[PDB]
Amino acid sequence: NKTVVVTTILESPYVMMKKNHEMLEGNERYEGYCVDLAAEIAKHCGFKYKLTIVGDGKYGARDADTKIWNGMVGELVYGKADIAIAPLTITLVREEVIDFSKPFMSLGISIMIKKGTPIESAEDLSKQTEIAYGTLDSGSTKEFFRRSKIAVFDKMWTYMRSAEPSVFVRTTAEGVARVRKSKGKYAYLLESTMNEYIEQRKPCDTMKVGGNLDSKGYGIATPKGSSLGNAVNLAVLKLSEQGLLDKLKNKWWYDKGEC
Ligand SMILES: NS(=O)(=O)c1cc2c(cc1Cl)N[C@H]([C@H]1C[C@H]3C=C[C@@H]1C3)NS2(=O)=O
Ligand SMILES: N[C@@H](CCC(=O)O)C(=O)O
Ligand SMILES: [Zn+2]
């Protein structure tokens with residue numbers, strides 16, 4: 001019996017620092033959907049755990065050339081963490097190196113715009129040039145475009161990869177701030193979950209437009225062949241069927257809505 005090392009990321013409303021975290025210790029310093037989920041997964045699987053924020057603040061991508069994985073995926077692949085409980089997207093390239101539980105939350109790539117922006121779809125973005133658009137560095141959303149075969153998406157990637165100054169951002173907050181401060185000249189491509197969350201946060205000046213570009217979900221990840229895999233997957237199913245996952249999404253997304 002050993003304390004499970006949990007890697008996660010500071011991303012609202014999944015994991016956030018508590019107001020007086022400086023006066024708290026260990027897992028008590030954090031709050032959010034994934035903090036709540038972590039406690040439940042651990043309780044049902046019967047293990048003690050320690051939440052740790054991923055060092056490089058990234059989700060996970062493999063550097064072409066160096067072939068080294070960064071972010072939470074990296075912490076799992078190189079043995080720094082035993083499990084990842086965060087808004088980590090299930091993708092083929094990742095499932096080839098780590099294991100994923102069935103999804104605990106659904107999402108799709110979506111468009112965030114400053115209210116009033118002349119955009120209603122991805123096709124709209126790909127057909128104009130006045131409004132710039134980008135995605136998060138090191139994420140599944142960037143990969144989606146980099147490897148998309150679909151016309152509208154291949155065209156969009158071609159623009160984004162060559163846009164100057166860079167249309168990519170280091171963090172979701174950076175993307176959101178760019179939308180809010182660009183007077184409608186910047187649209188941000190991000191997962192519906194984050195988009196929906198920000199839409200219910202003051203100043204209530206952003207909006208999700210159009211339908212989602214794809215359909216996927218977040219899963220709890222473990223190193224390939226881990227002993228925790230089975231139990232965690234069963235826990236996710238149990239918690240999903242008992243309605244806890246829905247309860248947690250409402251608690252962190254809409255129950256505390258500010259708009
Ligand atoms: N509506 S939501 O995003 O909070 C949400 C999304 C999903 C849930 C449960 C909730 Cl509450 N459960 C499923 C899980 C239950 C089983 C059927 C599909 C997987 C395994 N995942 S999902 O379809 O990605
Ligand atoms: N959830 C994504 C990060 C957010 C994004 O790429 O938009 C991932 O696991 O890479
Ligand atoms: Zn429970």
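Atoms within each ligand, like the ligands themselves, are counted from 1 in listed order. Start at 1 with the first residue, then count along the sequence.
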For atom 3 (C) of ligand 2, which candidate among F144, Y59, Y188 holds the nearest heavy atom?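 Shortest heavy-atom distance from atom 3 (C) of ligand 2: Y59.
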Among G175, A84, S140, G71, whose heavy atom sits nearest atom 8 (C) of ligand 2?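 The nearest heavy atom belongs to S140.
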Consider ligand 2: state whether an atom of it lies below 4.0 angstrom from any non-hydrogen atom of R94.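 A heavy atom of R94 does come that close to ligand 2.
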As an exercise, identify every atom of ligand 2 less than 4.0 angstrom from a heavy atom of [X].
X    : value
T141 : 5 (C), 6 (O), 7 (O)
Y218 : 1 (N)
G139 : 6 (O), 10 (O)

Would you say the side-chain atoms of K216 pair up with the backbone N or O of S106, donor to acceptor, closer than 3.5 Å? no
Distance-only, no hydrogens or angles: does the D56 side chain make a donor-acceptor pair with backbone N or O of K58 under 3.5 Å?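 A pair under 3.5 Å: yes.
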Write the atom name of the N, O or S atom in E40 that is nearest the Zn ion (ligand 3). OE1
What protein heavy atom sits nearest atom 4 (C) of ligand 2, and how far away is it? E191 OE1, 3.5 Å
Side chain or backbone, does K142 bring an N or O within less than 3.5 Å of an N or O on ligand 2? no
Any chance the side chains of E191 and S110 put a donor and an acceptor closer than 3.5 Å? no
For the residue pair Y218 and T193, confirm or rule out a side-chain donor-acceptor distance under 3.5 Å.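 Distance-only check passes for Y218 and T193.
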Return yes or no for this condition: an N or O of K249 is under 3.5 Å from an N or O of ligand 1.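 No: no nitrogen or oxygen of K249 is under 3.5 Å from one in ligand 1.
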So, applying ring pair (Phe, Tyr, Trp, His ring centres under 6.0 Å) with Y133, which one of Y159, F168, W157 is it?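 The ring pair (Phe, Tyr, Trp, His ring centres under 6.0 Å) with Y133 is passed solely by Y159 among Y159, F168, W157.
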Is there a side-chain contact between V77 and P223 (heavy atoms, below 4.5 Å)? no
Give a yes or no on whether a salt bridge exists between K142 and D137, defined as a side-chain N under 4.0 angstrom from a carboxylate O. yes
